[PDB]
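Heads up, the thing below is written out as structure tokens.
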Amino acid sequence: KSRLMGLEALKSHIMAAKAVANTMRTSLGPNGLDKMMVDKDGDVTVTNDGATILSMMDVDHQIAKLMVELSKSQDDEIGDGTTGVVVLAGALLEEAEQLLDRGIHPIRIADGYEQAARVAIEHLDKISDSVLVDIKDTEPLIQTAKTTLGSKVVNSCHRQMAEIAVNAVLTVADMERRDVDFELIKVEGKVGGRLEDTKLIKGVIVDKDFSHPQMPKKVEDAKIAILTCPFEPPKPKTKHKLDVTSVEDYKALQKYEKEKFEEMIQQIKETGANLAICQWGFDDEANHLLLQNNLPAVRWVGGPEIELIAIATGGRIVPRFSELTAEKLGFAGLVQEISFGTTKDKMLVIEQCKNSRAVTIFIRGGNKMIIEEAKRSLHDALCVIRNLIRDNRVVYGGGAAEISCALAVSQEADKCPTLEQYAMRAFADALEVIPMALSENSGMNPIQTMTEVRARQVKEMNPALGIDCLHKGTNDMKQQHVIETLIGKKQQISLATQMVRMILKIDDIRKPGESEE
Amino acid sequence: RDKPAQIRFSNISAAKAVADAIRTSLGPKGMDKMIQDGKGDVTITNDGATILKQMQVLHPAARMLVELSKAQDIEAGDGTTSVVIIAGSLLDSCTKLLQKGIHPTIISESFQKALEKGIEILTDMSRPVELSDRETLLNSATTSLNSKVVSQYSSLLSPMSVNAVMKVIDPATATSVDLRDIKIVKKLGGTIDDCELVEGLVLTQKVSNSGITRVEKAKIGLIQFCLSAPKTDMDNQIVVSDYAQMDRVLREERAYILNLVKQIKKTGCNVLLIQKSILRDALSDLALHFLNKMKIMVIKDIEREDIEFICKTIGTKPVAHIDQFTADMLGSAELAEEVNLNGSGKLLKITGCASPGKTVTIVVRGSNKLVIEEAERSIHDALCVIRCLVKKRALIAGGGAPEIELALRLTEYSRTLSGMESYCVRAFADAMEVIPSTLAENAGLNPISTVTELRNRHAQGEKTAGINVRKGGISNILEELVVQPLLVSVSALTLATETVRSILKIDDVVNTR
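Sequence order for the protein chains is E and L.
Each residue of the first sequence is one higher than the one before, starting from 25 at the first, in PDB author numbering.
Each residue of the second sequence is one higher than the one before, starting from 27 at the first, in PDB author numbering.
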């Protein structure tokens, strides 16, 4: 048993609270600098937000450990603001240190932080607009759909994913009653075309099994016939011996395929489509011979995928070929083989207007590195509109809001006073750091920047202006088109305040001898 | 370089480190000190105020401190500790800024911006009181006096300071009655009750012997002529190889001087201030013995101090040789007075002296010097607080709580300044709240409760109200029976605004060689 002083721990707390908070401070936004991950494998990786780098970074102190825990939630709901809470945590916390170094209870001021949260939250609740709407949000989408695709993989903002990503949301947004999930929409990374090659699908796209193109490539109807079972003679995606007794019996063998093509074709068709995903992969022969005979079937399929298309259709899979049902086939408002990539076979596009609980954006990329970085890019703008569709409210922030919410709380300190007064004072300065800390990452004096809008905040409060996160000569928010769902910042307000509280949790600083051991 | 960086911090190191334990400020707080010095001693020390003047601290930023302390005395007469208690207050804020990396000269004028508005917020919390008014003069001095070492004699001491001023004061509103005007003159014997307020020039010098002139028609002046005689100012050809040659000049020496002191008293001199210069003699010991036979007040090689007051107050001029008679440039004096009270002390009082309308001489008496000095120090803050009223009209608080009253405000003033300085001044604007706890601090155990809540209390008392540091409890400190003229506190900012800012200037170090 080795018990240390909470102070000493508070050191190890604050000693952990720095580099992670620091990590963002020159990494904040595009004016921030990239975050490199080199692995236990020694693998160089350029990383982003907190949670990307935070999980990749191997957490050591309880804070570091607690970081990723807290940090995930902001990217979950909001998609953005993950980088901020870690900055915000230490910023206030490392003064809370200094405050406790004044001989101040963590006890007493942290309430004031919890309490100044709300009044900044409420000050936040003043900021910007309470509303976005289906056509409205699109431009604020386009705003963020700029900066989200104007950030990671390209800064170009292809309006492709910019308005493809929102549509999947906009498609599943209303579906969930003003809600969405990112299974319910999906980023489909598959290459074969560049970033500029993307798609939005109402369902699954799979590269359609063909054992020969001349044996007809046929897609039709709107419907897929979903089968765990054969549409052409089965096989468990493994080796199988095909033998015949005499020279002639090889010909009768294909008849069996040929008949059980149509026998399954005629069986599975009447129950809908002709297109039957067959989890069973087959030898070259019957596949193309059915492609020949009629109505291609999809073979060599992921058990998840026959399941994925089913749950996408909201109906089932047909498990048994002796069995069959229409619900156990596909509900799809379109099924079409469509040329997939520039490099490979036509994908089978199942876009489900019969039943789709999931509407998936598809992305090609010229590399995995870029198609993943775009895959990495999207979820953010995907998640911010997830906030929007539930609450369409956004806040101009990043140098408008921090110093704004800090100013009232700076004033609230003097209204409130005692333990909350140096809470709400220190509560505020942490906010004002982030826009400051952007000119940190940016090329500008972080002080005089914060000073700048500090003058502007004295001038005007909750401005459509702000700092320059894009480092434009104009320091704006509206015309920076920087903004966040007022969900997010508030949600982002919660977390560090949550965590700087969580370091206070109850009492116990004793261990068995094992705390980090 | 690192040296400019470190030496400032090293200057910030020493001076700040001193100013902290320099705050037990006031109170009956913290345990008494012997002091074993830097080169060694045992120095039993008490009352940081005098200790501040006693303080020898030697280090580039330490020397400005002793200065800083002594100035607020001559600036006010009060707040001697108070200028330093806000010194380390400034010395902290600089760090976080230089820790924020803010430029020191940008930090420098922030002190002005702090001093500029700070005195106005002090001027705002200043409760203006009349500088010529007996009551405000009484009451303000009374707060000092009731806090001084004699709160009893204070009743007799304040009207003296009130009347010392009002005589010396320029009529109606005035910045007047300096401590140069006031001549505080001790007199052995008498009583503190017998401490006397004389409007005129009383020179503290000890009159030769007694039974001399107490009568009217003095002539006092500093006379730089000497009394000639054989073997005094006058030529002799006679080397002494014999006893008679030794005696002959003496018989002519004392007689001729005896007829010179007549010319002095013939001049009308009931006093002379003898030049500190001599040749062989100047005025001899027999000469003074002869001058005192003629009732001429004489003090041989008179202290240079009473030399100046008689030239300052009366306008005394050099005087012609006594064989030339005089220029009658002895200052105008209608009274040569030697007072003896408790049968003790010899005190020249020149009354009817030429006086500007200023130069009160408070005669300080007592059964002992310690008895003398109690009121003498007490009546001084009776003088000075009133003088602080005269020099500046207001009653603020004492004790440093109204600093927190400036602190809540000047914070927002920075917050309104909205500059980099708004961060620079504000970092101090709150950091000035430190003193009331640091007054309390140096005594005991179980520390924490009062410290943080003090600034909180006043903060909850907001701008108009706060906790009284001396009397405790939350009530507006400006009028308590804890009070000061605002002159006291504003100078503390001024003095500290600069000497501290002077450290911001230092880059690296030199030593004149």
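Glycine included, every Cβ here is placed at the ideal spot set by N, Cα and C.
Residue environment, residue i, which counts as buried when at least 16 other CB atoms sit within 10 Å
| i | result |
| --- | --- |
| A408 of chain L | buried |
| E101 of chain L | buried |
| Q510 of chain L | buried |
| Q445 of chain E | buried |
| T464 of chain L | buried |
| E541 of chain E | exposed |
| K89 of chain E | exposed |
| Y439 of chain L | buried |
| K384 of chain L | buried |
is_contact[residue i, chain E] using C-beta, thresh 8 Å
| i | result |
| --- | --- |
| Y179 of chain L | no |
| residue 12 of chain L | Because chain L is modelled from 27 through 539, residue 12 of chain L falls outside the range shown and cannot be assessed. |
| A485 of chain L | yes |
| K126 of chain L | yes |
Cα-Cα separation between residue i and residue j, rounded to whole angstroms
| i | j | result |
| --- | --- | --- |
| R534 of chain E | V92 of chain E | 24 Å |
| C440 of chain E | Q486 of chain L | 7 Å |
| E402 of chain L | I147 of chain L | 34 Å |
| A200 of chain L | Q178 of chain L | 29 Å |
| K42 of chain L | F35 of chain L | 10 Å |
| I491 of chain E | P459 of chain E | 7 Å |
| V155 of chain L | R496 of chain L | 22 Å |
| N499 of chain E | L84 of chain L | 51 Å |
| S381 of chain L | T525 of chain L | 38 Å |
| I133 of chain E | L124 of chain E | 9 Å |
| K96 of chain L | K319 of chain L | 46 Å |
| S254 of chain L | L312 of chain L | 12 Å |
| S515 of chain L | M90 of chain L | 18 Å |
| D99 of chain L | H505 of chain E | 60 Å |
| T442 of chain E | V460 of chain L | 14 Å |
| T473 of chain E | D82 of chain E | 34 Å |
| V243 of chain E | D205 of chain E | 30 Å |
| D118 of chain L | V397 of chain L | 42 Å |
| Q303 of chain E | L224 of chain E | 25 Å |
Where the beta strand (DSSP E) containing residue i begins and where it ends
| i | result |
| --- | --- |
| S370 of chain L | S370 to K375 |
| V477 of chain E | Element bounds for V477 of chain E: not the beta strand (DSSP E) but the alpha helix (DSSP H), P470 to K483. |
| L116 of chain L | First-last for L116 of chain L: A113 to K126, but that is the alpha helix (DSSP H), not the beta strand (DSSP E). |
| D231 of chain E | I229 to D231 |
| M80 of chain E | Here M80 of chain E belongs to no beta strand (DSSP E); instead the alpha helix (DSSP H) covers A75 to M80. |
| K210 of chain E | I209 to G213 |
Endpoints, alpha helix (DSSP H) assigned at residue i
| i | result |
| --- | --- |
| residue 3 of chain E | No answer is possible for residue 3 of chain E: the residues shown for chain E start at 25 and end at 541. |
| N482 of chain L | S475 to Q486 |
| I328 of chain L | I328 of chain L -> no alpha helix (DSSP H), and no H or E assigned at all. |
| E309 of chain E | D308 to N317 |
| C407 of chain E | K392 to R414 |
| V211 of chain L | Element bounds for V211 of chain L: not the alpha helix (DSSP H) but the beta strand (DSSP E), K209 to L214. |
| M272 of chain L | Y269 to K292 |
Any C-beta of chain L under 8 Å from that of residue i
| i | result |
| --- | --- |
| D161 of chain E | no |
| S26 of chain E | no |
| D438 of chain E | yes |
| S428 of chain E | no |
| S434 of chain E | yes |
Heavy atom of the ligand PLP within 7 Å of residue i beta-carbon
| i | result |
| --- | --- |
| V390 of chain L | Of the ligands one can find in the structure shown there are none, so the ligand PLP has no counterpart to examine. |
Any contact between the segment 110-123 of chain E and the segment 369-378 of chain E? By contact I mean 3 or more CB pairs, one from each, below 8 Å. no
At least three beta-carbon pairs within less than 8 Å, the segment 227-239 of chain L to the segment 180-199 of chain L: no
Tell me, please, whether the segment 438-454 of chain E touches the segment 394-401 of chain E by the rule of three or more beta-carbon pairs shorter than 8 Å. no
Report yes or no: do three or more beta-carbon pairs, one from the segment 506-514 of chain E and one from the segment 478-492 of chain L, lie closer than 8 Å? no
Within 8 Å, do at least three Cβ pairs link the segment 313-329 of chain E to the segment 270-285 of chain E? yes
Any contact of the segment 473-486 of chain L with the segment 426-435 of chain L, i.e. 3+ C-beta pairs under 8 Å? yes
Would you call the segment 450-458 of chain L in contact with the segment 186-198 of chain L, where contact means no fewer than 3 C-beta pairs closer than 8 Å? no
Are the segment 243-252 of chain E and the segment 339-347 of chain E in contact at 8 Å, needing three or more beta carbon pairs? yes
Pairing CB atoms from the segment 407-424 of chain L with CB atoms from the segment 364-380 of chain L, are three or more of them under 8 Å? no
Three or more C-beta pairs closer than 8 Å, one from the segment 332-340 of chain L and one from the segment 351-364 of chain L: is that the case here? yes
Contact between the segment 229-247 of chain E and the segment 358-373 of chain E is defined here as three or more beta-carbon pairs at a separation below 8 Å; is this criterion met? yes
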